[PDB]
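Asker: See protein.tsv below, with TSV, C-alpha atoms and all ligand atoms.
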```tsv
chain	number	residue	atom	x	y	z
A	1	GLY	CA	0.00	0.00	0.00
A	2	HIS	CA	1.72	3.14	1.27
A	3	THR	CA	5.36	3.24	0.17
A	4	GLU	CA	7.22	4.28	3.33
A	5	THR	CA	5.41	1.71	5.49
A	6	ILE	CA	6.48	-0.93	2.97
A	7	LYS	CA	10.04	0.38	3.26
A	8	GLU	CA	9.77	0.04	7.05
A	9	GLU	CA	8.53	-3.55	6.78
A	10	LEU	CA	11.20	-4.55	4.28
A	11	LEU	CA	14.03	-2.99	6.28
A	12	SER	CA	12.77	-4.67	9.46
A	13	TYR	CA	12.69	-8.11	7.85
A	14	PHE	CA	16.10	-7.57	6.26
A	15	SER	CA	17.61	-6.32	9.53
A	16	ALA	CA	16.47	-9.59	11.08
A	17	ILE	CA	18.60	-11.44	8.50
A	18	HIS	CA	22.31	-10.88	9.10
A	19	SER	CA	23.36	-13.80	6.85
A	20	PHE	CA	22.12	-17.09	5.50
A	21	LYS	CA	23.36	-20.32	3.93
A	22	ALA	CA	20.75	-22.24	1.96
A	23	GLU	CA	20.06	-24.46	-1.03
A	24	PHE	CA	18.31	-22.92	-4.00
A	25	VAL	CA	16.23	-24.06	-6.96
A	26	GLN	CA	15.97	-21.69	-9.91
A	27	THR	CA	13.79	-21.82	-13.00
A	28	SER	CA	12.42	-19.62	-15.76
A	29	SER	CA	9.35	-19.38	-17.96
A	30	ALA	CA	11.71	-18.82	-20.88
A	31	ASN	CA	12.46	-22.55	-20.89
A	32	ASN	CA	11.74	-25.77	-19.04
A	33	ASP	CA	15.26	-25.88	-17.56
A	34	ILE	CA	15.80	-26.29	-13.82
A	35	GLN	CA	18.90	-25.37	-11.83
A	36	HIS	CA	20.04	-26.35	-8.34
A	37	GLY	CA	22.77	-25.13	-6.05
A	38	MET	CA	23.90	-23.50	-2.83
A	39	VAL	CA	23.76	-19.82	-1.89
A	40	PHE	CA	25.71	-17.94	0.79
A	41	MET	CA	24.85	-14.43	1.95
A	42	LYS	CA	26.68	-12.16	4.38
A	43	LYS	CA	24.83	-8.92	4.88
A	44	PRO	CA	27.60	-6.33	4.29
A	45	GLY	CA	27.39	-6.88	0.54
A	46	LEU	CA	28.60	-10.46	0.02
A	47	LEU	CA	26.68	-12.99	-2.09
A	48	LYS	CA	27.84	-16.34	-3.48
A	49	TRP	CA	26.22	-19.01	-5.66
A	50	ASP	CA	27.41	-22.57	-6.25
A	51	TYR	CA	25.69	-23.97	-9.34
A	52	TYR	CA	25.56	-27.74	-9.62
A	53	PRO	CA	27.11	-30.14	-12.13
A	54	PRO	CA	24.64	-29.54	-14.99
A	55	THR	CA	26.23	-26.06	-15.10
A	56	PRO	CA	29.04	-26.30	-12.54
A	57	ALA	CA	30.14	-22.86	-11.44
A	58	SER	CA	30.92	-20.53	-8.54
A	59	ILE	CA	29.69	-16.93	-8.77
A	60	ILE	CA	30.53	-14.24	-6.21
A	61	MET	CA	28.58	-10.99	-6.32
A	62	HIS	CA	29.22	-7.65	-4.67
A	63	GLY	CA	27.73	-4.42	-5.97
A	64	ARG	CA	28.93	-3.96	-9.54
A	65	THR	CA	31.40	-6.88	-9.53
A	66	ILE	CA	30.81	-10.48	-10.59
A	67	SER	CA	33.58	-13.05	-10.07
A	68	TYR	CA	32.80	-16.18	-12.10
A	69	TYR	CA	34.78	-19.41	-11.70
A	70	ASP	CA	33.98	-22.20	-14.15
A	71	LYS	CA	35.07	-25.40	-12.43
A	72	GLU	CA	34.96	-27.44	-15.66
A	73	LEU	CA	37.35	-25.20	-17.61
A	74	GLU	CA	38.90	-23.88	-14.37
A	75	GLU	CA	38.50	-20.34	-15.71
A	76	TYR	CA	38.11	-17.07	-13.81
A	77	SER	CA	36.28	-13.97	-15.02
A	78	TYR	CA	36.07	-10.62	-13.23
A	79	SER	CA	33.44	-8.33	-14.74
A	80	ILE	CA	31.73	-5.04	-13.94
A	81	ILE	CA	27.93	-5.20	-13.86
A	82	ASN	CA	25.03	-3.36	-12.20
A	83	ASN	CA	22.56	-6.09	-11.09
A	84	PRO	CA	20.90	-3.97	-8.38
A	85	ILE	CA	18.19	-6.56	-7.74
A	86	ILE	CA	19.78	-9.88	-6.81
A	87	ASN	CA	22.44	-8.18	-4.68
A	88	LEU	CA	19.61	-6.62	-2.69
A	89	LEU	CA	19.62	-9.89	-0.75
A	90	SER	CA	22.99	-8.81	0.66
A	91	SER	CA	22.10	-5.21	1.35
A	92	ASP	CA	21.48	-2.85	4.24
A	93	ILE	CA	18.05	-1.61	3.20
A	94	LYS	CA	18.72	1.79	4.78
A	95	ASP	CA	21.51	2.47	2.28
A	96	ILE	CA	19.82	1.05	-0.83
A	97	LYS	CA	19.14	3.67	-3.51
A	98	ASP	CA	17.28	3.71	-6.83
A	99	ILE	CA	14.37	1.54	-5.73
A	100	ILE	CA	10.58	1.86	-5.65
A	101	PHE	CA	8.59	-0.07	-3.04
A	102	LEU	CA	5.29	-0.92	-4.70
A	103	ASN	CA	3.23	-3.36	-2.64
A	104	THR	CA	3.02	-5.62	0.39
A	105	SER	CA	0.76	-8.68	0.27
A	106	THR	CA	0.23	-10.71	3.45
A	107	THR	CA	-1.60	-14.04	3.36
A	108	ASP	CA	-1.18	-17.60	4.65
A	109	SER	CA	1.37	-16.66	7.33
A	110	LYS	CA	3.63	-15.48	4.51
A	111	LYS	CA	4.88	-12.03	3.52
A	112	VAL	CA	5.47	-10.79	-0.03
A	113	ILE	CA	7.12	-7.46	-0.91
A	114	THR	CA	7.21	-5.99	-4.41
A	115	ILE	CA	9.88	-3.56	-5.59
A	116	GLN	CA	11.16	-2.13	-8.86
A	117	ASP	CA	14.63	-1.05	-9.94
A	118	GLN	CA	14.45	2.47	-11.35
A	119	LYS	CA	17.13	1.90	-13.99
A	120	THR	CA	16.40	-1.60	-15.32
A	121	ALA	CA	12.61	-1.44	-14.74
A	122	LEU	CA	12.87	-5.01	-13.45
A	123	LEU	CA	10.30	-6.08	-10.86
A	124	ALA	CA	11.21	-8.18	-7.83
A	125	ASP	CA	8.89	-10.11	-5.50
A	126	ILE	CA	10.47	-11.15	-2.18
A	127	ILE	CA	8.80	-13.97	-0.20
A	128	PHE	CA	9.44	-14.25	3.55
A	129	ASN	CA	8.10	-16.63	6.17
A	130	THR	CA	6.53	-14.58	8.95
A	131	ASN	CA	7.70	-16.75	11.84
A	132	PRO	CA	10.63	-17.33	11.95
A	133	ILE	CA	11.63	-14.43	9.66
A	134	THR	CA	13.32	-16.14	6.71
A	135	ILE	CA	13.70	-15.28	3.02
A	136	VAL	CA	12.24	-18.28	1.20
A	137	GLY	CA	11.71	-16.94	-2.32
A	138	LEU	CA	12.63	-14.32	-4.88
A	139	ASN	CA	11.02	-13.81	-8.27
A	140	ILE	CA	12.27	-11.38	-10.92
A	141	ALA	CA	9.81	-10.30	-13.60
A	142	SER	CA	10.18	-8.40	-16.87
A	143	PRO	CA	7.83	-8.04	-19.86
A	144	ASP	CA	9.66	-10.90	-21.62
A	145	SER	CA	10.53	-13.46	-18.93
A	146	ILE	CA	10.11	-14.30	-15.27
A	147	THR	CA	12.68	-16.07	-13.10
A	148	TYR	CA	11.84	-17.99	-9.93
A	149	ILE	CA	14.25	-18.73	-7.08
A	150	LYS	CA	13.21	-20.79	-4.07
A	151	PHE	CA	15.44	-21.31	-1.03
A	152	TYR	CA	15.23	-24.33	1.27
A	153	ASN	CA	17.28	-25.89	4.06
A	154	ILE	CA	17.85	-22.32	5.22
A	155	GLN	CA	20.23	-21.38	8.06
A	156	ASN	CA	19.67	-17.82	9.24
A	157	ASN	CA	22.23	-15.77	11.15
A	158	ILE	CA	24.93	-18.43	10.97
A	159	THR	CA	28.67	-17.83	10.96
A	160	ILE	CA	30.36	-17.58	7.55
A	161	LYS	CA	33.95	-16.37	7.25
A	162	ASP	CA	34.66	-13.61	4.76
A	163	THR	CA	37.25	-16.04	3.37
A	164	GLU	CA	34.34	-18.15	2.11
A	165	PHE	CA	33.51	-15.47	-0.49
A	166	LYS	CA	36.92	-15.78	-2.11
A	167	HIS	CA	38.75	-18.06	-4.54
A	168	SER	CA	42.01	-17.68	-6.43
A	169	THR	CA	44.54	-19.65	-8.45
A	201	CL	CL	-4.59	-10.30	2.17
```
What does this structure look like when you write it as structure tokens?
Ligand SMILES: [Cl-]

Answerer:
Amino acid sequence: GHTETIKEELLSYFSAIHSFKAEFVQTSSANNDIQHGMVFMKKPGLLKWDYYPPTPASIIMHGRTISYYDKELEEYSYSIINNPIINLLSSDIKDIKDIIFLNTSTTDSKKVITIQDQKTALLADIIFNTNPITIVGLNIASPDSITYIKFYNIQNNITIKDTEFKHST
């Protein structure tokens, strides 16, 4: 409904989450392809994705930087990106800029928050469990495709060393 109340709710739920390690399942309407992996998140900006043998890879995301390690070809790739949406998972909501908070739907002991990125015009739906506060889903929608991510076997506020979000030759 009202935008600033939605901002309050989102920042509360995200403050609750200081980090998480979970398994993820990702799919898209573009195809019938499914993807599985692990995801690590440490709130001061650090995100990491381990994609499983069908597409074996390790991605580390922080702000504008993607670090991609292909484990098959054992190849590294450091690239500058924007991706304001996914990295929102690892974000202090107080600091986040260039975002519109559209809606907040509550139903079935489950909380959904809708936002849009001003630049990319990409929509994001964030799905939390009310009790305990956990991020269980994230969908990203555009006029052409929609992507679904579902997290399971979640571990909120668990210890993860900053050395985890790092690999090198
Ligand atoms: Cl409702």

Asker: So which one's closest to ligand CL 201 (chain A), A:109, A:159, A:147, A:118? Using only C-alpha atoms and all ligand atoms, please.

Answerer: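 Among the listed residues, the smallest separation from ligand CL 201 (chain A) belongs to A:109.
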
Asker: Scan for residues within 10 Å of the point (19.5, -4.8, 3.1) in the coordinates of the file, using only C-alpha atoms, and reply as JSON, numbers by chain.

Answerer: {"A": [10, 11, 12, 13, 14, 15, 16, 17, 18, 43, 44, 45, 87, 88, 89, 90, 91, 92, 93, 94, 95, 96]}

Asker: Please, could you write that set of residues out with C-alpha atoms as a PDB file, keeping the file's coordinate frame?

Answerer:
```
ATOM      1  CA  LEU A  10      11.200  -4.550   4.280  1.00  0.00           C
ATOM      2  CA  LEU A  11      14.030  -2.990   6.280  1.00  0.00           C
ATOM      3  CA  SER A  12      12.770  -4.670   9.460  1.00  0.00           C
ATOM      4  CA  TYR A  13      12.690  -8.110   7.850  1.00  0.00           C
ATOM      5  CA  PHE A  14      16.100  -7.570   6.260  1.00  0.00           C
ATOM      6  CA  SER A  15      17.610  -6.320   9.530  1.00  0.00           C
ATOM      7  CA  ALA A  16      16.470  -9.590  11.080  1.00  0.00           C
ATOM      8  CA  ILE A  17      18.600 -11.440   8.500  1.00  0.00           C
ATOM      9  CA  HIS A  18      22.310 -10.880   9.100  1.00  0.00           C
ATOM     10  CA  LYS A  43      24.830  -8.920   4.880  1.00  0.00           C
ATOM     11  CA  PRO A  44      27.600  -6.330   4.290  1.00  0.00           C
ATOM     12  CA  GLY A  45      27.390  -6.880   0.540  1.00  0.00           C
ATOM     13  CA  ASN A  87      22.440  -8.180  -4.680  1.00  0.00           C
ATOM     14  CA  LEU A  88      19.610  -6.620  -2.690  1.00  0.00           C
ATOM     15  CA  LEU A  89      19.620  -9.890  -0.750  1.00  0.00           C
ATOM     16  CA  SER A  90      22.990  -8.810   0.660  1.00  0.00           C
ATOM     17  CA  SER A  91      22.100  -5.210   1.350  1.00  0.00           C
ATOM     18  CA  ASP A  92      21.480  -2.850   4.240  1.00  0.00           C
ATOM     19  CA  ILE A  93      18.050  -1.610   3.200  1.00  0.00           C
ATOM     20  CA  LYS A  94      18.720   1.790   4.780  1.00  0.00           C
ATOM     21  CA  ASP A  95      21.510   2.470   2.280  1.00  0.00           C
ATOM     22  CA  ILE A  96      19.820   1.050  -0.830  1.00  0.00           C
TER      23      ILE A  96
END
```

Asker: At a cut-off of 12 Å around ligand CL 201 (chain A), and using only C-alpha atoms and all ligand atoms, what residues come up? Please write them as a VMD selection string.

Answerer: chain A and resid 1 103 to 112

Asker: Just the number, please: distance in Å from atom CA of residue 42 of chain A to atom CA of residue 160 of chain A, one decimal.

Answerer: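 Between atom CA of residue 42 of chain A and atom CA of residue 160 of chain A the gap is 7.3 Å.
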
Asker: Return the single residue from A:30, A:82, A:25, A:125 that is closest to residue 102 of chain A, with distances computed using all atoms listed in the file.

Answerer: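 Of all the options, A:125 lies closest to residue 102 of chain A.
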
Asker: Report, in Å to a single decimal, how far apart atom CA of residue 165 of chain A and atom CA of residue 63 of chain A are.

Answerer: 13.6 Å

Asker: Can you work out the spacing between atom CA of residue 69 of chain A and atom CA of residue 167 of chain A in Å, to one decimal?

Answerer: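 Distance reported for this atom pair: 8.3 Å.
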
Asker: So that I can check the surroundings of segment 49-60 of chain A, please list as a count of residues only every protein, DNA and RNA residue that reaches within 6 Å of it, counting only C-alpha atoms and ignoring chain neighbours fewer than 2 positions away.

Answerer: 11

Asker: Pick out the residues sitting within 9 Å of residue 64 of chain A, and hand them over as a list in words; count all atoms listed in the file, and ignore anything fewer than 3 positions along from it in its own chain.

Answerer: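 Those residues are residues 61, 79, 80, 81, 82, 83 and 84 of chain A.
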
Asker: Under the rule that all atoms listed in the file are counted, which of A:113, A:100, A:154, A:122 is the nearest residue to residue 136 of chain A?

Answerer: A:154

Asker: Could you check the closest approach to residue 157 of chain A for each of A:134, A:29, A:65, A:5 and tell me which residue wins, using only C-alpha atoms?

Answerer: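 Residue with the minimum atom-to-atom distance to residue 157 of chain A: A:134.
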